[PDB]
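Shown here: final-v8.cif, mmCIF, C-alpha atoms and all ligand atoms.
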```cif
data_final
#
loop_
_atom_site.group_PDB
_atom_site.id
_atom_site.type_symbol
_atom_site.label_atom_id
_atom_site.label_comp_id
_atom_site.auth_asym_id
_atom_site.auth_seq_id
_atom_site.Cartn_x
_atom_site.Cartn_y
_atom_site.Cartn_z
ATOM 1 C CA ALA A 1 32.171 -168.790 -75.993
ATOM 2 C CA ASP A 2 32.841 -167.261 -79.404
ATOM 3 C CA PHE A 3 33.465 -163.560 -80.097
ATOM 4 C CA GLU A 4 33.887 -161.428 -83.182
ATOM 5 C CA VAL A 5 36.287 -158.536 -83.764
ATOM 6 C CA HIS A 6 35.615 -156.451 -86.874
ATOM 7 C CA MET A 7 38.288 -154.613 -88.873
ATOM 8 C CA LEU A 8 37.115 -151.148 -89.857
ATOM 9 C CA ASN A 9 38.385 -148.074 -91.670
ATOM 10 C CA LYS A 10 36.550 -145.998 -89.049
ATOM 11 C CA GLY A 11 34.565 -147.239 -86.040
ATOM 12 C CA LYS A 12 33.192 -146.087 -82.675
ATOM 13 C CA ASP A 13 36.761 -145.637 -81.483
ATOM 14 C CA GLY A 14 38.238 -143.936 -84.542
ATOM 15 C CA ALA A 15 40.062 -144.659 -87.795
ATOM 16 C CA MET A 16 41.780 -147.973 -88.777
ATOM 17 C CA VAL A 17 40.508 -149.875 -85.786
ATOM 18 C CA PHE A 18 39.653 -153.241 -84.410
ATOM 19 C CA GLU A 19 36.158 -153.144 -82.894
ATOM 20 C CA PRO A 20 36.210 -153.973 -80.077
ATOM 21 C CA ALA A 21 39.944 -153.239 -79.611
ATOM 22 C CA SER A 22 39.849 -154.975 -76.215
ATOM 23 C CA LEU A 23 38.258 -158.296 -75.367
ATOM 24 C CA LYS A 24 38.356 -160.368 -72.174
ATOM 25 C CA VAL A 25 37.748 -164.046 -72.784
ATOM 26 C CA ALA A 26 37.870 -167.318 -70.859
ATOM 27 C CA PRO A 27 40.400 -170.038 -71.651
ATOM 28 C CA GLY A 28 39.103 -172.026 -74.628
ATOM 29 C CA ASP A 29 37.086 -169.155 -76.064
ATOM 30 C CA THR A 30 37.498 -168.181 -79.692
ATOM 31 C CA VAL A 31 37.757 -164.893 -81.557
ATOM 32 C CA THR A 32 37.039 -164.501 -85.236
ATOM 33 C CA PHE A 33 38.534 -161.420 -86.892
ATOM 34 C CA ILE A 34 36.199 -160.325 -89.619
ATOM 35 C CA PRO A 35 36.992 -157.647 -92.203
ATOM 36 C CA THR A 36 34.085 -155.259 -92.519
ATOM 37 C CA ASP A 37 36.111 -153.069 -94.835
ATOM 38 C CA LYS A 38 38.748 -154.174 -97.320
ATOM 39 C CA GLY A 39 42.527 -153.863 -96.736
ATOM 40 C CA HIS A 40 43.002 -155.270 -93.202
ATOM 41 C CA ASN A 41 44.479 -158.312 -91.521
ATOM 42 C CA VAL A 42 45.450 -159.416 -88.008
ATOM 43 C CA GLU A 43 48.720 -160.657 -86.595
ATOM 44 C CA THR A 44 50.198 -161.008 -83.158
ATOM 45 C CA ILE A 45 52.701 -158.379 -82.166
ATOM 46 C CA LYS A 46 56.248 -159.687 -81.603
ATOM 47 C CA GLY A 47 56.872 -160.281 -77.902
ATOM 48 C CA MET A 48 53.256 -159.574 -76.923
ATOM 49 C CA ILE A 49 51.682 -162.956 -76.327
ATOM 50 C CA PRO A 50 51.933 -165.365 -73.363
ATOM 51 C CA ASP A 51 54.320 -168.226 -72.986
ATOM 52 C CA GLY A 52 52.344 -171.216 -74.173
ATOM 53 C CA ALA A 53 50.745 -169.161 -76.947
ATOM 54 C CA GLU A 54 51.549 -169.377 -80.663
ATOM 55 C CA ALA A 55 51.906 -166.394 -82.944
ATOM 56 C CA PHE A 56 49.469 -165.993 -85.816
ATOM 57 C CA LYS A 57 48.959 -163.999 -89.024
ATOM 58 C CA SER A 58 46.011 -163.706 -91.393
ATOM 59 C CA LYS A 59 45.816 -162.691 -95.021
ATOM 60 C CA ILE A 60 44.404 -159.338 -96.081
ATOM 61 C CA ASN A 61 40.566 -159.660 -96.143
ATOM 62 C CA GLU A 62 40.564 -163.136 -94.543
ATOM 63 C CA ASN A 63 38.026 -164.097 -91.901
ATOM 64 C CA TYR A 64 40.358 -165.544 -89.301
ATOM 65 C CA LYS A 65 39.497 -167.594 -86.201
ATOM 66 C CA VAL A 66 41.797 -168.173 -83.222
ATOM 67 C CA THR A 67 41.257 -170.232 -80.065
ATOM 68 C CA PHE A 68 42.845 -168.668 -76.937
ATOM 69 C CA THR A 69 43.782 -170.969 -74.043
ATOM 70 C CA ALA A 70 47.043 -169.722 -72.517
ATOM 71 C CA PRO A 71 46.412 -167.094 -69.840
ATOM 72 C CA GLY A 72 47.619 -163.514 -70.299
ATOM 73 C CA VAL A 73 47.392 -160.609 -72.731
ATOM 74 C CA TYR A 74 47.721 -160.859 -76.506
ATOM 75 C CA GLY A 75 48.748 -157.764 -78.486
ATOM 76 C CA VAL A 76 47.442 -157.807 -82.062
ATOM 77 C CA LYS A 77 47.973 -155.473 -85.024
ATOM 78 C CA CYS A 78 46.949 -155.004 -88.636
ATOM 79 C CA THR A 79 50.014 -155.065 -90.904
ATOM 80 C CA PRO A 80 49.271 -152.086 -93.259
ATOM 81 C CA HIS A 81 47.843 -149.730 -90.619
ATOM 82 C CA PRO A 82 50.343 -148.683 -87.967
ATOM 83 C CA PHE A 83 47.854 -147.536 -85.277
ATOM 84 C CA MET A 84 45.425 -150.397 -85.807
ATOM 85 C CA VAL A 85 46.044 -152.485 -82.689
ATOM 86 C CA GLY A 86 44.147 -154.350 -80.001
ATOM 87 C CA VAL A 87 44.392 -156.663 -77.020
ATOM 88 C CA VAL A 88 42.749 -160.006 -76.252
ATOM 89 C CA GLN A 89 43.083 -161.095 -72.617
ATOM 90 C CA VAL A 90 42.642 -164.640 -71.334
ATOM 91 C CA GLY A 91 41.724 -164.824 -67.671
ATOM 92 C CA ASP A 92 42.453 -162.327 -64.846
ATOM 93 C CA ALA A 93 45.816 -160.972 -63.583
ATOM 94 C CA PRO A 94 47.762 -161.515 -66.828
ATOM 95 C CA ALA A 95 51.416 -162.376 -66.139
ATOM 96 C CA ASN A 96 52.834 -160.708 -69.276
ATOM 97 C CA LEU A 97 51.130 -157.331 -68.776
ATOM 98 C CA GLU A 98 54.426 -155.409 -69.007
ATOM 99 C CA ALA A 99 55.208 -156.896 -72.451
ATOM 100 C CA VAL A 100 52.346 -154.756 -73.788
ATOM 101 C CA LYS A 101 52.282 -151.906 -71.250
ATOM 102 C CA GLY A 102 56.022 -151.122 -71.224
ATOM 103 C CA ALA A 103 56.436 -151.399 -74.998
ATOM 104 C CA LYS A 104 57.730 -148.536 -77.125
ATOM 105 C CA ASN A 105 55.420 -148.351 -80.149
ATOM 106 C CA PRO A 106 54.435 -145.144 -82.003
ATOM 107 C CA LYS A 107 52.491 -142.981 -79.528
ATOM 108 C CA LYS A 108 49.127 -143.432 -81.230
ATOM 109 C CA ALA A 109 49.545 -147.209 -81.357
ATOM 110 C CA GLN A 110 50.816 -147.406 -77.779
ATOM 111 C CA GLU A 111 47.934 -145.265 -76.442
ATOM 112 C CA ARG A 112 45.496 -147.651 -78.103
ATOM 113 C CA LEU A 113 47.230 -150.671 -76.547
ATOM 114 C CA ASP A 114 47.338 -148.968 -73.155
ATOM 115 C CA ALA A 115 43.659 -147.958 -73.284
ATOM 116 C CA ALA A 116 42.783 -151.561 -74.228
ATOM 117 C CA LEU A 117 44.696 -152.818 -71.141
ATOM 118 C CA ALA A 118 42.931 -150.254 -68.944
ATOM 119 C CA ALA A 119 39.486 -151.183 -70.297
ATOM 120 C CA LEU A 120 40.329 -154.818 -69.410
ATOM 121 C CA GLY A 121 40.616 -153.795 -65.742
ATOM 122 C CA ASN A 122 44.417 -153.890 -65.536
HETATM 123 CL CL CL A 201 37.933 -165.754 -95.608
HETATM 124 CU CU CU A 202 43.913 -152.358 -90.852
#
```
Could you write out this file's structure as structure tokens?
Amino acid sequence: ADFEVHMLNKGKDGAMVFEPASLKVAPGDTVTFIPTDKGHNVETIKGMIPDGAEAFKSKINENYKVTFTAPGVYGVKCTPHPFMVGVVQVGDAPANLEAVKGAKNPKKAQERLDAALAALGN
């Protein structure tokens, strides 16, 4: 299956956001990150992806597609916007949950990550 995540200045969930900011996918599914507004990108957060997964980074304004196969949670961020974060999860019972959950990001960013993990049923 293929999914889209849009990058927005303001969305359903607030300002500088990925929409949706949480997505549960099956191994082999893809996500394309699509700028709806100018000035955003996506990159994996250091330490916040599964073993077996590769880090990634897009260019500002780039439509950027990633295939997710390794099970677990994937923390993503937009480089210029400190609170603009999200989580993609592959499968159930992610093994690296604490890499995201126990992290020490700015409160607004961390709340967004934590709410994403909670919405994913963790
Ligand atoms: Cl593009
Ligand atoms: Cu952004």
Explicit residues for the PyMOL selection byres (((chain A and resi 39) around 9) and not hetatm) (as a PyMOL selection string): chain A and resi 7+9+35+37-38+40-41+60-61+80
Hits of the PyMOL selection byres (((chain A and resi 18) around 6) and not hetatm) in this structure, as a PyMOL selection string: chain A and resi 6-7+17+19-21
Long-range neighbours of residue 2 of chain A as a PyMOL selection string, 7 Å cut-off, all atoms listed in the file, 6 positions minimum in chain: chain A and resi 29-31
Distance of atom CU of ligand CU 202 (chain A) from atom CA of residue 66 of chain A, expressed in Å to one decimal place: 17.7 Å
Counting all atoms listed in the file, the residue of A:44, A:22, A:56, A:63 that sits nearest ligand CL 201 (chain A): A:63
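Of the residues under consideration (A:101, A:49, A:28, A:92), A:49 shows the shortest atom-to-atom contact distance to residue 76 of chain A when counting all atoms listed in the file.
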Option closest in space to ligand CU 202 (chain A), from A:32, A:58, A:110, A:89 [counting all atoms listed in the file]: A:58
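Among A:95, A:74, A:118, A:90, the residue with the shortest atom-to-atom distance to residue 46 of chain A, counting all atoms listed in the file, is A:74.
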Coordinates-based distance that separates atom CA of residue 73 of chain A from atom CA of residue 100 of chain A (Å, one decimal): 7.7 Å
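Residues in contact with residue 96 of chain A at 7 Å, where all atoms listed in the file are counted and same-chain residues fewer than 3 positions away are skipped, are listed as residues 50, 72, 73 and 99 of chain A.
Note that the spacing between atom CA of residue 68 of chain A and atom CA of residue 4 of chain A amounts to 13.1 Å.
Among the candidate residues A:33, A:84, A:116, A:54, the one lying nearest to ligand CU 202 (chain A) is A:84, with distances computed using all atoms listed in the file.
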